[PDB]
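If you read the protein sequences in the order shown, they are chains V1 and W1.
For the first sequence, the residue numbers in the entry's author numbering are 149 to 550, 554 to 560, 566 to 576, 587 to 602, 612 to 624, 631 to 645, 654 to 673, 681 to 689, 703 to 712.
For the second sequence, the residue numbers in the entry's author numbering are 8 to 157, 170 to 293.
Every residue gets a Cβ at the ideal spot worked out from N, C-alpha and C, and that includes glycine.
Worksheet: one structure, shown below.
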Amino acid sequence: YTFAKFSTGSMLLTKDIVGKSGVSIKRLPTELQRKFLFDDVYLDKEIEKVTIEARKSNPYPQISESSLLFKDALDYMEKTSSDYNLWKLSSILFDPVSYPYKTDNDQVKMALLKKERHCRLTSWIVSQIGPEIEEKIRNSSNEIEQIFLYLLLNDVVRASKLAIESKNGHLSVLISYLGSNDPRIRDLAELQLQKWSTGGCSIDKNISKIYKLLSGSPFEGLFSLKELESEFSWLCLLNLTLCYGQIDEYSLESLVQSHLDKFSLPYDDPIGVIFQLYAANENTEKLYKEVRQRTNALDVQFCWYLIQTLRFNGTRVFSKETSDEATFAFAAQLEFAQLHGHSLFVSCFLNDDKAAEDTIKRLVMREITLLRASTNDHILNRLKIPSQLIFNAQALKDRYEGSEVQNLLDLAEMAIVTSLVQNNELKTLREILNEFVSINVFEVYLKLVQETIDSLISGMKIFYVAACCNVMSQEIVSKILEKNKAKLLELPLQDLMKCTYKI
Amino acid sequence: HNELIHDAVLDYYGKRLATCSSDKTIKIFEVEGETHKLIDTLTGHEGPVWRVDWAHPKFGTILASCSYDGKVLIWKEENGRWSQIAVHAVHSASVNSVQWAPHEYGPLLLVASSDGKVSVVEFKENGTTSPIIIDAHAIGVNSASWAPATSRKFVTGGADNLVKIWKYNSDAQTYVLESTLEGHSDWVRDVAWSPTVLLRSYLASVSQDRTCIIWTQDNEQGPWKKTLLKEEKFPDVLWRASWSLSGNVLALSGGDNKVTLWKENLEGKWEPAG
Numbered sequence: 149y150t151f152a153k154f155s156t157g158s159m160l161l162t163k164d165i166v167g168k169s170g171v172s173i174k175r176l177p178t179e180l181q182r183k184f185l186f187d188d189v190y191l192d193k194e195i196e197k198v199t200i201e202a203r204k205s206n207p208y209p210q211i212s213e214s215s216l217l218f219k220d221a222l223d224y225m226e227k228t229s230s231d232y233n234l235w236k237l238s239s240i241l242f243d244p245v246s247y248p249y250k251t252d253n254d255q256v257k258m259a260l261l262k263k264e265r266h267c268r269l270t271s272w273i274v275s276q277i278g279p280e281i282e283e284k285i286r287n288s289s290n291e292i293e294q295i296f297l298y299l300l301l302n303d304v305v306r307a308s309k310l311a312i313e314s315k316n317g318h319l320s321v322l323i324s325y326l327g328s329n330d331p332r333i334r335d336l337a338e339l340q341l342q343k344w345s346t347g348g349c350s351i352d353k354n355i356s357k358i359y360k361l362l363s364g365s366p367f368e369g370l371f372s373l374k375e376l377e378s379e380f381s382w383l384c385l386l387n388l389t390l391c392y393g394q395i396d397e398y399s400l401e402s403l404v405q406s407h408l409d410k411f412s413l414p415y416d417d418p419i420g421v422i423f424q425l426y427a428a429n430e431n432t433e434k435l436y437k438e439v440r441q442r443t444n445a446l447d448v449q450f451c452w453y454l455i456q457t458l459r460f461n462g463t464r465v466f467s468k469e470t471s472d473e474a475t476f477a478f479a480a481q482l483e484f485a486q487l488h489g490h491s492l493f494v495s496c497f498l499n500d501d502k503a504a505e506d507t508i509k510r511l512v513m514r515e516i517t518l519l520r521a522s523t524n525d526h527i528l529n530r531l532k533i534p535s536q537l538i539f540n541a542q543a544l545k546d547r548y549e550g554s555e556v557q558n559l560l566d567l568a569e570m571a572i573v574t575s576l587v588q589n590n591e592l593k594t595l596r597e598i599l600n601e602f612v613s614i615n616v617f618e619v620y621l622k623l624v631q632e633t634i635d636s637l638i639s640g641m642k643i644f645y654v655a656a657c658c659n660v661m662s663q664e665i666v667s668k669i670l671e672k673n681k682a683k684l685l686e687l688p689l703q704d705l706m707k708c709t710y711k712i
Numbered sequence: 008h009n010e011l012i013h014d015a016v017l018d019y020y021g022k023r024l025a026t027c028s029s030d031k032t033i034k035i036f037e038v039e040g041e042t043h044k045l046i047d048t049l050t051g052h053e054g055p056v057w058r059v060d061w062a063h064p065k066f067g068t069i070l071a072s073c074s075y076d077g078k079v080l081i082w083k084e085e086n087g088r089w090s091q092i093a094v095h096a097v098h099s100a101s102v103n104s105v106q107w108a109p110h111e112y113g114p115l116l117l118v119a120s121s122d123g124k125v126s127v128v129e130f131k132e133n134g135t136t137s138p139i140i141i142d143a144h145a146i147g148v149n150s151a152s153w154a155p156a157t170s171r172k173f174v175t176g177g178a179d180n181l182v183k184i185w186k187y188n189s190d191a192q193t194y195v196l197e198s199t200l201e202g203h204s205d206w207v208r209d210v211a212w213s214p215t216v217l218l219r220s221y222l223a224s225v226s227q228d229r230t231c232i233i234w235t236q237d238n239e240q241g242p243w244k245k246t247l248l249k250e251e252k253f254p255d256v257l258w259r260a261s262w263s264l265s266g267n268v269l270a271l272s273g274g275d276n277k278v279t280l281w282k283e284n285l286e287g288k289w290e291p292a293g
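Take a look at the structure:
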């Protein structure tokens, strides 16, 4: 026999005859594997990037402005880790570029922004493929092949130089065109290729490759580099499409898409996934959903961050429901990590007001104690946690540990019971007046000081146990003090012993 | 000496644990990571205490336990000294489950005994009990779990392999049965309603025939959907089945000495996690 249920603080107790209690306090294994999340500084700086506004259907906080960028996380990761690569590439493709220099008109601006982005993407790809190709150049035994490989590293100049040196001068000149998108050169190169591929008794295997690069359509083609699929990282070939490929005529997106249309990427590879989401443009969400059911390369946190960035930057569009789905999932992972402040922060990116309300409330009340320590916990409860919720939760924590100002801001009767000094009573009376049970009020008014009515009220309250008896005894004492004939008898009509002594 | 505790419960804030074993005693602990210091022992049952269950702290410190002696015993800590304030044994056999309602309902209790009964014990103004009982299952009831909601309902797992969903009705004043569900070949050990206020509702029904059916209702209308968590019998009989609050994770206590964990994926089907 075994037993196990989930805790309030979502964790698990099981039969365990090895402890002291006969159960085990198990810290639920958190899927959330990303170091900087457990450090509260990240969370503070992350809240600094947000503008919280109360809802239009309730007072609960939800995010109005976010300036979060893939860029921002990079400081908290190793520049060597694959994770860093994911976040970086994601920054390059999705975070807005700024172009500081003023531009004659705005379509120009747009064009510059495209060139900049393109240049960074292609410099980065070259960063990645770098060693692969350098290895390949190490092992080549043929100069023209080396020239080609230098083109694989998007180094037009060293290709040109080696050409020059290996006495391949004309080629060298031709090479200098790579990366200007001169359509003349494009159609000429392609022409030369058809002429060869119709007779052309023999053309060197790598010169044809280089001409194919000048053609602007290196796989899309009839002398196709597609077979290099088996000799190079998919990223390496994509570099070829992006650098040569037809830069001007295409948007970065539809260009990348063009390439992807020619080659299936491995399902599990995440830098692949990011390119696909980037290229998918018109239906990122569609693809994102597809990506979800196929692989786990994108983690809960990343998927949430992505969706949120794209949402708050106009970059892309996601369903309220998909954004909320992502948000739920991550908030939950966080709560499993006992990261309540952080889960709380994430919970605010919910679109559904009802759900936000519930989630937030439930968590704050269940976990108020921990959420009231440092200033990094203060800014937390100064997200826009409703005054009501915070004190209410705090009221609950007092009833359970065995407050009054919060109550002032049934239960009230029980509080009066616990209280059973004059100044405190007066303050309570003032609070009650401000708010404006009736029996208690009459009694208080009498104490501060019709009398029969107050008496009947107090008796009724007593009937409605220890506190009531105390109040009755107090009233008796007060009456005795006042006395110190028929009216007195009417008012009168251990306690029993006292009554007997009185009679 | 504590070779076989049957149930343990954690309080709202998780500072005070209450285990209950077969020697009839209910031990209360002040937990603190590694060190749960025994603070109490409670002897008032005439048989193995099957289950314990704290109430919402809105009602002070109350704990309703149910034991083999057919009696439900309500306890309460009072100035640091425990005292059996009430009792409710209108059940002619071993009482199995006892689970409080959502605190919005008042201080309602849910008892489920082998005499095929399930009661909902209100605690009035005098603190005295107001029992309104119903017949739940033929050959006995092993468990009964509450449902949250915003039209109240609960689930019951039977000894006739049924899983019933009852709802309150002002016309009847007694909970009227609204839907029963059939899918097990042996005593439905435990049934659990999930606290997920999300698009749909989830029920994990563990059973003796080593299955765990999951009843996912689309919404308020369209009936449930049968989904055998996995389609192979577990190496041994399953006992308990609990949902997680944040996340909708399912914990399964099989009689095979580990607890498994199952999460729903975008297929709609369930996958292990741990």
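**Request:** Show which residues of chain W1 have a CB atom less than 7 Å away from the CB atom of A480 (chain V1).
**Result:** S265 and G266
**Message:** Could you give the first and the last residue of the continuous alpha helix (DSSP H) run that contains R259 (chain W1)?
**Reply:** Not the alpha helix (DSSP H): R259 (chain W1) falls in the beta strand (DSSP E), residues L257 to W262.
**Simplified DSSP assignment, three categories, for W272 (chain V1)** = helix
**Message:** Within 10 Å of its beta-carbon, does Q536 (chain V1) have 16 or more other beta-carbons around it, so buried, or fewer, so exposed?
**Reply:** Label assigned to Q536 (chain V1): exposed.
**Residue-chain proximity (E197 (chain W1), chain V1), Cβ-Cβ < 8 Å** = No, because no Cβ of chain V1 sits closer than 8 Å to the Cβ of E197 (chain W1).
**Request:** Kindly list, in the order they appear in chain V1, the residues whose Cβ is closer than 7 Å to that of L17 (chain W1).
**Result:** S155, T156 and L161
**Request:** Quick one: give me the first and last residue of the alpha helix (DSSP H) that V556 (chain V1) is part of.
**Result:** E555 to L559
**Message:** Against chain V1, with Cβ distances strictly below 8 Å, would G113 (chain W1) count as a contact?
**Reply:** no
**Request:** Measure from the C-beta of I173 (chain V1) to each C-beta in chain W1 and report whether the shortest distance is under 8 Å.
**Result:** yes
**Item:** Backbone CA spacing between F296 (chain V1) and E226 (chain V1) [nearest angstrom]
**Value:** Between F296 (chain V1) and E226 (chain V1), the C-alpha separation is close to 33 Å.
**Request:** Compute the Euclidean distance between the alpha carbons of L260 (chain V1) and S246 (chain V1), then round it to the nearest angstrom.
**Result:** 10 Å
**Asked** Taking a cut of 8 Å between CB atoms, which residues from the segment 18-38 of chain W1 lie near chain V1?
**Response** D18, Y19, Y20, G21, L24, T26, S28, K34, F36 and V38
**Request:** Taking only runs that begin and end inside the segment 228-285 of chain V1, name each unbroken alpha helix (DSSP H) of 4 or more residues, in chain order.
**Result:** 230-242
**Request:** Verify whether the separation of the beta carbon atoms of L458 (chain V1) and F450 (chain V1) is less than 8 Å.
**Result:** no
**Message:** If I measure Cβ to Cβ from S170 (chain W1) and keep anything under 8 Å in the same chain, skipping five residues before and after, which residues do I get?
**Reply:** The answer, listed in chain order, is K186 and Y187.
**Item:** chain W1 contact residues for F466 (chain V1), given Cβ-Cβ distances below 8 Å
**Value:** Here the premise fails: no neighbours, minimum Cβ distance about 15 Å.
**Asked** Is the Cβ of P55 (chain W1) closer than 8 Å to any Cβ of chain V1?
**Response** Not closer than 8 Å to any Cβ of chain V1, the Cβ of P55 (chain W1) fails to qualify, so no.
**Message:** Since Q227 (chain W1) and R208 (chain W1) should fall inside the 8 Å C-beta cutoff, what is the C-beta to C-beta distance between them, to a whole number of angstroms?
**Reply:** 6 Å
**Prompt:** Taking 8 Å as the CB-CB limit, is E555 (chain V1) close to chain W1?
**Reply:** For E555 (chain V1), no Cβ of chain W1 is located within less than 8 Å of the residue's own Cβ.
**Prompt:** If we count the other Cβ atoms within 10 Å of its Cβ and call it buried at 16 or more, is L280 (chain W1) buried or exposed?
**Reply:** buried
**Prompt:** What are the start and end residues of each continuous alpha helix (DSSP H) run of 4 or more residues lying completely inside the segment 456-518 of chain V1, in chain order?
**Reply:** Runs of the alpha helix (DSSP H) inside the segment 456-518 of chain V1: 468-484, 488-495 and 501-515.
**Message:** Counting only beta-carbon separations shorter than 8 Å, does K434 (chain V1) have a partner in chain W1?
**Reply:** No, because no Cβ of chain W1 sits closer than 8 Å to the Cβ of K434 (chain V1).
**Prompt:** Buried or exposed: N589 (chain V1), going by 16 or more other Cβ atoms within 10 Å of its Cβ?
**Reply:** By the neighbour-count definition (other C-beta atoms within 10 Å, threshold 16), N589 (chain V1) is an exposed residue.
**Alpha-carbon spacing of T246 (chain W1) relative to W212 (chain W1), whole angstroms** = 15 Å
**Asked** So what does DSSP say about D220 (chain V1), is it helix, strand or coil?
**Response** helix
**Prompt:** For the ligand NAP, is there a heavy atom less than 7 Å away from the beta-carbon of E293 (chain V1)?
**Reply:** Absence of the ligand NAP is noted for the structure shown, with no ligands found whatsoever.
**Message:** Is there a Cβ of chain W1 sitting closer than 8 Å to that of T475 (chain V1), yes or no?
**Reply:** no
**Request:** May I have the straight-line CA-CA distance separating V619 (chain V1) from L559 (chain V1), to the nearest angstrom?
**Result:** 16 Å
**Request:** Output, in sequence order along the chain, the residues in the segment 493-512 of chain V1 whose CB is closer than 9 Å to any CB in chain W1.
**Result:** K502, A503, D506, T507, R510 and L511
**Message:** Taking its Cβ as the centre, do 16 or more other Cβ atoms sit within 10 Å of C267 (chain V1), making it buried, or is it exposed?
**Reply:** exposed
**Message:** Assess contact between the segment 359-366 of chain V1 and the segment 387-402 of chain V1, defined as three or more Cβ pairs (one per stretch) separated by less than 8 Å. Is contact present?
**Reply:** yes
**Asked** What are the residues of the segment 282-293 of chain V1 that lie near chain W1, defined by any Cβ-Cβ distance shorter than 7 Å?
**Response** none
**Prompt:** If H95 (chain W1) sits next to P138 (chain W1), beta carbons under 8 Å apart, how far is it from one beta carbon to the other, in whole angstroms?
**Reply:** That pair is a contact at about 6 Å.
**Request:** Classify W344 (chain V1) as helix, strand or coil using the three-state DSSP reduction.
**Result:** For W344 (chain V1), the secondary structure class from DSSP, reduced to helix, strand or coil, is helix.
**Asked** Assuming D47 (chain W1) contacts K34 (chain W1) under a Cβ cut-off of 8 Å, what Cβ separation, rounded to an integer in Å, is found between them?
**Response** 7 Å
**Message:** Going by C-alpha to C-alpha distance, which of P248 (chain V1), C496 (chain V1), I598 (chain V1) and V654 (chain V1) sits closest to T199 (chain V1)?
**Reply:** Minimum Cα distance to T199 (chain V1) is reached at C496 (chain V1).
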